[PDB]
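To keep things clear, I will list the structure first and then write my remarks on it.
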Amino acid sequence: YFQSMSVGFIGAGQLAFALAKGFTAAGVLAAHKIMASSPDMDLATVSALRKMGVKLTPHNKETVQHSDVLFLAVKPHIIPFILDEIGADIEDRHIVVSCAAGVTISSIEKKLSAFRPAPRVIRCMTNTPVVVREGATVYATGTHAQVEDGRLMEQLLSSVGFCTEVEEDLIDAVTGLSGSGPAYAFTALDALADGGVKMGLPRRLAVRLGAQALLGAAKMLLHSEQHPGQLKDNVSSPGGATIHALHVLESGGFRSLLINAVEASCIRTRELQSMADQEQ
Amino acid sequence: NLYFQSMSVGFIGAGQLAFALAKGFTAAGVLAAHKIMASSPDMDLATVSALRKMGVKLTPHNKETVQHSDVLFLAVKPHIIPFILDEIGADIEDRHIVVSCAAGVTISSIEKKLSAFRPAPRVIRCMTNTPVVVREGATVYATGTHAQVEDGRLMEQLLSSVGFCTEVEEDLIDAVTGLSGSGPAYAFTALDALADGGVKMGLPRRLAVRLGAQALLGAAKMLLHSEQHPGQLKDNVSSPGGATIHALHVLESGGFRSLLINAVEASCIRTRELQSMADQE
Amino acid sequence: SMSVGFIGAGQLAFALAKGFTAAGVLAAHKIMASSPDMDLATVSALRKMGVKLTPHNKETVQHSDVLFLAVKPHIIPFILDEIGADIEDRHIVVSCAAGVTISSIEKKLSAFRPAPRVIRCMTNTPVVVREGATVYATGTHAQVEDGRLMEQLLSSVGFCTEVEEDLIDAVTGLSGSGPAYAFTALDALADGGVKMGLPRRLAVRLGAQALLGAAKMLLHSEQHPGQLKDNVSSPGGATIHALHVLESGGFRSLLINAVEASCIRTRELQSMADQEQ
Amino acid sequence: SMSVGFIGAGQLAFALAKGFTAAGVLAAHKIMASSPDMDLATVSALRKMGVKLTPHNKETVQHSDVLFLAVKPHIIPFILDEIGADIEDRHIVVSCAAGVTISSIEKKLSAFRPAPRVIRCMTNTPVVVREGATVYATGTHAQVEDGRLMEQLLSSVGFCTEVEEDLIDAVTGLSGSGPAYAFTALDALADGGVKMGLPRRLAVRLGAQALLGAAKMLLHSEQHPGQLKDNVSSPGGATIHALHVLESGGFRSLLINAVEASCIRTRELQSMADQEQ
Amino acid sequence: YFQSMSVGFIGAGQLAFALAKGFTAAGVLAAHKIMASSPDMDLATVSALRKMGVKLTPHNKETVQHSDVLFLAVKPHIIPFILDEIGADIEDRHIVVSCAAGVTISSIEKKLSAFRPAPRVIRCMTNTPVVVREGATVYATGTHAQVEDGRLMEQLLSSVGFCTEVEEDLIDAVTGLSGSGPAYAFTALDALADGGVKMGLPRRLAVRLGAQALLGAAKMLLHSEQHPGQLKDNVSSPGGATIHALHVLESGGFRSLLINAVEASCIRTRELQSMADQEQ
C-alpha cells in the first residue's frame, strides 16, 4: 500500500479503467485516491470508474494538481496536445508515466522541458489483462527519472501482472507481442470455440474449455523450465489425435501467421511514430 | 475433507497423464503422494522417475494397483485399455470407481468387459489435459450405467481441485478431446511462434517467451471472468488505424481462424476413427 | 420554403431526389438539376418525378438555397470556377464528391466571395429507398444551423451523423462503396441457391431478404455481431459447416481488403487532384 | 381467437414470438411455450413479454391450435412420440426443424391418429425484427385454408411464400444460414473501417446500414444486381478498385461454397436421421 | 421455307422462345405455324411468344395434334412425365426432337414405344444464341428416324446457326462446351468490362468493346485455317501490352479454369442422367 500516493489518469477509456480496476482490486490504491479526466463523460468506462469510486473531472489540469503519479492514457496522437495543455502544471513531485503506444520518451521530455526542466518521465507498455491482475508490462526510465521512480513504478505495476524494466528501444516490439497479444488470443479463442461447435459442443461450453485450455497451457510454460516444443511433445501420443491436429496447423502455416502479426503490429507502431516525429 | 477421506488412488499407466494428475492432486493437498500407486511395465521412463521422486508408490503389477486403489484411473493408451481390462477385470471390486481417461474409449466398451466379472462396475469416463499439473486443467466427465450419484459428485470434487471440471453427456467427449484435450499443444505451438515473432522484431528470446505466455494467460483469464463476447474484448484492444487492427488483418488474410477450426476437427475426427477401428477389432 | 439544386443529374442526384420526395421533406418542384447532357436516363427519370431540369449550372445556382455538387470529383474544380461568381450569402454548398476536401472547395469559392458556407458529405445510393448511410462535415464558414439543417434533410433518407472530415475517405470505402460489395455478395448467394436447386428469382429474393433482416437485427441489437452469429449455429449443424468454408477462404480478410482498397484509392485520387491544383 | 404453441423455448421460439407480438397479429397471452429447462435466457425473455411458459409439452399441445415445433432436429422424433396421442382434429403442426421431412413427421403422428395436418417451414432469426425470410410446404392432410393461415401469420414477420418441399434444404442453406454469413461480413467490414481509421461503433453502424440499404434496393428493383453494382462504380474509381480485390480472392465462390455446405450438411444430417428411424 | 411443316414446342421457356425467334427471323417458319404449350402462361417468354404470333395453349396434347415436328423444351426431369402424357398421341407423321440436356434417345424411345412402335426421335443440343441466328447445334438420329428426318432437321437448325450431326455419345460433352458456353462468355464479358471500367472506360463503352472484341476474334478463328495460338501470336508485339496481359492470364491458370468448366458441366450432365436412369 502506497499511503501517500495520489494517482491520476489523463484519459478515462479502456486502459485507464483496466489499470484502475487492477490497482483497486490489488488493494494497492484506494479508488478515491485515483482521479481520471476525459472530455466525454458518456463512456461506459467513465461510468464504470464512477461506480468504483474513482474521482472524475473533465479538466486535465485538476488531474495534474491532484496527482503524484500521472498516467497518460490517451491515444498517441493526443499526447502532444495533452503535454502542451498541462506542461506548465507539472511540478517537481510528478512522475509522468506515458502508456501511449509508440510515443518516445524523447518526444515527451522535449515538450515538458519547455515549461520546467528535468521532468520525471517513464514510458510503459502494458495490456488490458491488468484488469484481472494478469497484465504483461514493461517500462523504461527517462533522462531525469530517479532510481526510486523506476522501483516505485515496478512495485505498482507488478501488483497487476508481470512487470520488468527494458531499454526503450524494445518497447515497440513488446507492443506488437504482448500489447496486441490479447487480441490474437481473443481471435484464437473465438475460432477454437467455433471448432468445438462444429464438432458438437454447445458454444458456452466450447468457449469455457478453449479459454481454460489456453490459460492452463500458458501457466504451464510460465512455471516450466522447458521449451514450448517439449511441452508440446508431451501432449501428442504417436499416431494420436493431437499430432494429427498439429499437422493441419503446420500445413496452413499457422506459425508464420503469428510471426506476421507481431511484425505487423510492431512495424505499424514504428510507422505511426515516425509520422508523429515528422509532424513535430 | 477429501484429504480427511484418506482416499487411495491408483493409476494404471505411469506416463505423462499419471504424472500430471498425481502432481496436481498432491499440490492441491487432496491426496498424499504415498497414497497414490502407479503401475507400468517400464520403469526406465522419465515419468516414472518423477513419480518416484514425489513419493508415489510404483509397481510393475497392475493387480497391485487395483488392490491398493479406491479410485482407479486408467491412464494407458486407448488401444491398451481392452488388454488391461482383460487382465485386471477379475480384480475390480464393488467398492471401486473406475475412471477411464483414455481418448475415445467408450463407457460401453469398458462396461462390457468388466460386467463379465462383477455385474455392476462403477465406471466414469473423463477427458482432461496436462495443465492439471499446475492445477489449471480443463476436465469433463460422464457417468456410467452403475456409477452412483455420489460417484459423480466425488469425481467432480476431486477433479475440481486441479482445474475446471463439469459433467457432460458422453457424446460430447470426443469433441472436448479435440478442443481442450489437444488444446495445450495448439497453445504451445502458438507461443513458440509468437516468441519467434518477438525475436524477429528485436526482443531477446527469454523475454519474448515470458511476454507471449503472459499475454495468453491474461487474455484467457479476461474471457473467463467476462460476460462479453471474445469479439468485443478484441474490439477493446484495437484503436482505429492502429497497430493491433493491422496485425489482425494479416491473421485474417492467412485464414488463422480456419486453421484452429481445422485443428479441433482433425483431433476430434482422429479420436472417433481410432475408436471405430477399436470397436471393429 | 427551401429550394434545392443539384449540379449534375446522374445516379446520385436521382437517388437523393427520389429519396427526398418519397420522404415528403421536399416536393419535386422545389428541386432543380443541371447536366450538359439532357439525354441521360437519370435526367428523364428526374423530369418524370417533377424535378426542374436545365443545361445551365447558373440557373441551378440561382434557383437553389441548398446546392448539392453531384458531379465526378475531377469535374468539381471546373464547376466551382463556373459558378463561383454566382454564390450568394444565402447559399449552402453541399459537396457529395468522393475525396474532394472542404479546403479545396473553400479555396476556389473564396476567390469570388469570402465566407462560402460549405458542407462535405459522403452518402450512398440506398438513399433512393430511404435507407442511405450518410456522414457530413461542416466547413469553416458553415453556421451551426447549417449543420442541423443538413442533418434533418439527410436523415429523411437514411442514417446521418456529423463526423470530422478526416473520417470521410474511410466512410467512402465502407458505406459509400458498401452497396457494391453487397450486390456482389447477393449475386453470388443467389448463384449458390441456384446451384442447390432454387429458381433464380426465389434465390435472389431470399438472399436479399436474409441480408436485409440480418443487418436490421444488428442495428436494433446491443449485441456483438459474433454473438448474433453464435445464435444461428447449432452444434454440428448446417450453419457452422458453412461458416467454416467461409473462414477457409479468408472471407473476412477480403472484406477488409475491399474497404482498404476503396479508401486508399479515394486518398490517392485526391492527392493527384491536389498536385494539379 | 387463434392460440399458438411452441414446443421448445429457445432462439427461434423467442424470435417468432417477439415478431408475432410486435406485428400485433398475436397477443402474447395467446402464445404458450414449453422447455425442460426453465432457466434459459430465452425462457425469461418470453415470460417478460407475456408468453405463457410450462415445462410440460402436453400443456402446450392442449393450449394450442397452431403448434410450432422449435426443438433441435434430432429431438423432433422424441417429442412426436411424447405428444402424438394428444394431437386432435383442430391442430396444425408446423415443423420449423432444419432438414426434418413432412414424411417423417406424418409417419410418427399417424400411428396415433390418422390425417395429422402438417406444414414444414424454414425461416430465420430476423423474424425477431419482422424482416424474416420464410418458406413453407403443406403436408398430405393440410387443408387449403391451413396454408393460407400459415402464410398470413408468417407474412406478418417477413417475406413468406409456399414452395415444394424439395426446395427447403436449399432454402436452409441460403436464407436460413444466411444471417450468419451477413453477421460475419458485417464484423469484417467493421474491422475494415477500423483499420482505415473509423471508431468501431460508427463502422458497425455504417456497415450494417449499407448492407440493409443495398438489400432493400435489390428487393425494390427489377434490375439485376450486376446493374446496381455498375451504378455504384465510377470509371477508375474507389469502388471498382475494391471490387477487384474481392474478385481476386474468389469472394463470390466463397458464398457459393457456404450455401452449398449448409445445404449438403442439412441433407446429410437428415439422411442419418432416416437411417435410424 | 417448309410450307407444309407445323412445329410445336412442349415447354414455352427460354429455349422455346430462342428457337421460335430464330426460326421466324430466319423466315423458315411463319409464327402462326408454331404452337407452344406451358402450364404457366405468366412467363415473359410466353408473353414474347404471343407478341410474335406463336399460338399458345396450356394443353400439351393440342401441341402434339397441331405439330409435325415436336420440340421437347422442358427441363430434363420433366421429359418422362411429358412422354407419358402425350405418348398415346404420337402419330406416324411426328418427328420428336428432344432438346433436353442429358436425356438419352434410348430413354425417350423406351417410353414412346410402349404406346406405338417406331417413334421417330432426334436428340439435339443447341444454345441460346439461336435467338440471334448464331447458335451452335449438334444432333443425333434415333433408331427409327428416316434419313430424310435428319436432313430435314439439319436444314431447319442450320437456319439459326451452325448445325452438324454427331454420334449421340458426344452430346454430353457438347453440352459442357457450347451448351453452357454462352454463360462462360457472359461471365468473361462482365469481367472484361469491369477491367475496362477500372482503367477509366464508361461501363456502356466497355461492354460494347469487349463484346465486339470477342465476336471479332471468334469470327477470325471460324474463317481462318490457322491455329488459335498463331492468331494469338499475331496480336502481341515483342515486349508489348498484349504479351504482358497474356502472362498475367497464364499466371492465374486461366486455361485450366476453362477446361475445369467444360469438364464440370459435362460431368454434371452425365451424373444427372445416371440418376434419371436409376429412377426408371
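Chains here go by letter, A, B, C, D and E, matching the order in which they are written, and residues are numbered from 1 within each.
Note that contacts are C-beta pairs under 8 Å (C-beta built on N, C-alpha and C of every residue); 3 or more make two chains touch, one makes a residue touch a chain.
*Asks:* Comparing chain centres built from Cα atoms against the global Cα centre, which chain wins on proximity?
*Replies:* D
*Asks:* Consider the two chain pairs A-C and B-C; indicate the one with the greater count of contacting C-beta pairs.
*Replies:* Pair with more contacting C-beta pairs, B-C versus A-C: B-C.
*Asks:* How many angstrom lie between the centres of subunit D and subunit E, each centre taken as the mean Cα position?
*Replies:* Using C-alpha averages as centres, the distance is 39 Å.
*Asks:* Hey, how far is the Cα centre of subunit C from the one of subunit E, in Å?
*Replies:* Those two chain centres are 43 Å apart.
*Asks:* Find the geometric centre of each of subunit A and subunit B from their Cα atoms only, then give the gap between the two centres in Å, rounded to an integer.
*Replies:* Averaging C-alpha atoms per chain gives centres 32 Å apart.
*Asks:* Please list all residues of subunit C that touch 2 or more other chains.
*Replies:* Where subunit C meets two or more other chains at a single residue, that happens at 224-226, 230, 233, 236, 241, 243-244, 247, 249-250, 252-253, 256-257.
*Asks:* Considering every pair of chains, which are in touch?
*Replies:* A-B, A-C, B-C, B-D, C-D, D-E
*Asks:* Mind listing the subunit A positions that touch subunit C in their complex?
*Replies:* 190-191, 194, 197-203
*Asks:* Would you tell me which residues of subunit B are touching subunit D in their complex?
*Replies:* 231, 235, 238, 240-241, 245-246, 248-249, 252
*Asks:* Using the touch rule from the top, collect the residues of subunit C that touch subunit D in their complex.
*Replies:* 11, 72, 98-99, 124-129, 131-133, 135, 158-159, 161, 163, 166-167, 169-193, 195-198, 202-220, 224-226, 228-229, 231-234, 236-239, 241-246, 249-266, 269
*Asks:* Flag every residue of subunit C that touches subunit B in the complex, lowest number first.
*Replies:* 223-227, 230, 244, 247-250, 252-253, 256-257
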